[PDB]
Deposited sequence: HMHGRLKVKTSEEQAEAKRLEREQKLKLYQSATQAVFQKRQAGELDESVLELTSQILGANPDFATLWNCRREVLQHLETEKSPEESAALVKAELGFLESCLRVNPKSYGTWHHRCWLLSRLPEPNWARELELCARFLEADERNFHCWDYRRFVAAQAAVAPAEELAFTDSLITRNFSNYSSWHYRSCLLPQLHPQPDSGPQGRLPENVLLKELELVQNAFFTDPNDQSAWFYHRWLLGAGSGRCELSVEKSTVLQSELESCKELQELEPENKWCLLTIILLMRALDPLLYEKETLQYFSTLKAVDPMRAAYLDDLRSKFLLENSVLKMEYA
């Protein structure tokens, strides 16, 4: 308690000191000193990151190339130390981006490795994924390399929502149309199916799978291979349903598969599965009723299309 009273007065005094120096136009290393003592514990104090940038911008004008490189290397170390303490601060990640974007010869390979390290610690850190995308763009890293990165992350352990998300963005880049190709789609279906049969509680694979089911070319355009793959998925989900009777993701996916295969032919079973799913996932009853209503309306329209 008294230590907090100590820290508070130390931050307070350092803060006043920085503001005081700022009005005076004293853009020097003493400010870097003061802010380092505040930003470590309080990285969300954005005005202090602004002060550091004003100081660094000022100092580069009135110092040698070698002196400015030294200041930049000291900044990279300070930033890394801040990130280790709080890897989820917008201000710290932005300052690192601001810094790297103005360097003459930035080492992007080192930055990609920084990202790999932080993603080992927290594979869901969206600040780090965002930074990695920034570095990948700057360094002109190809989508295929990043696709390789995501697979290792997905297979080596769980916590995969962020990795699947990244794939959803990378795949369309490997096949850019101004809606994935079927060969690509079939491979992704295989990969994601492994995922949710490895961990059927992992919601992330199920969310990505629902996307892949929509990313096709249509039910009356079903190829023999895709038709067979989806029917196989359907049977494999029924298998899982036996092993995990409380698993709602597999029940929803069964409904979605029957939709993808033949809405009218599977109408009976679709309605049966809605009843089971609502029993198993009652908090979603309202959602499921609206989905069922939408499906029954689609079916009425399909039936009226009859010649």
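Residues 1-18, 197-202 of the deposited sequence have no C-alpha coordinates in the model.
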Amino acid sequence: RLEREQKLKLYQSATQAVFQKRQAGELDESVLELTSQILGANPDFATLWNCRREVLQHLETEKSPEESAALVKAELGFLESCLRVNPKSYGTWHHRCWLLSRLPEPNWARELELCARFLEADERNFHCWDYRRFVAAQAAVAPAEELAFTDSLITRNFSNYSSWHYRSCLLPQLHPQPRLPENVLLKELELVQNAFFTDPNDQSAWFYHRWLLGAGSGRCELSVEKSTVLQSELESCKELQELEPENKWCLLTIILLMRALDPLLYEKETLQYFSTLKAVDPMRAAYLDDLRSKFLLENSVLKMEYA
From here on, numbers count along this sequence of modelled residues.
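Looking at 236-244 and 254-262 together, the entry lists the larger mean B-factor for 236-244, computed on C-alpha atoms. Higher average CA B factor: 6-14, of the stretches 6-14 and 283-291.
Of the candidates 80, 113, 130, 221, the one whose C-alpha carries the top B factor in the deposited record is 221. Comparing the listed residues 54, 28, 267, 44, the entry records the largest Cα B-factor for 28. When the CA B factors of the chain's modelled residues are split into thirds, the value for residue 226 lands in the middle one. In the PDB entry, a CA B factor belonging to the middle third of its chain's modelled residues is recorded for residue 190. Sort the modelled residues of the chain by CA B factor and residue 155 lands in the highest third. In the deposited entry, the Cα temperature factor of residue 100 sits in the middle third of values across the chain's modelled residues.
Among the modelled residues of the chain, residue 68 sits in the highest third by CA temperature factor in this PDB entry.
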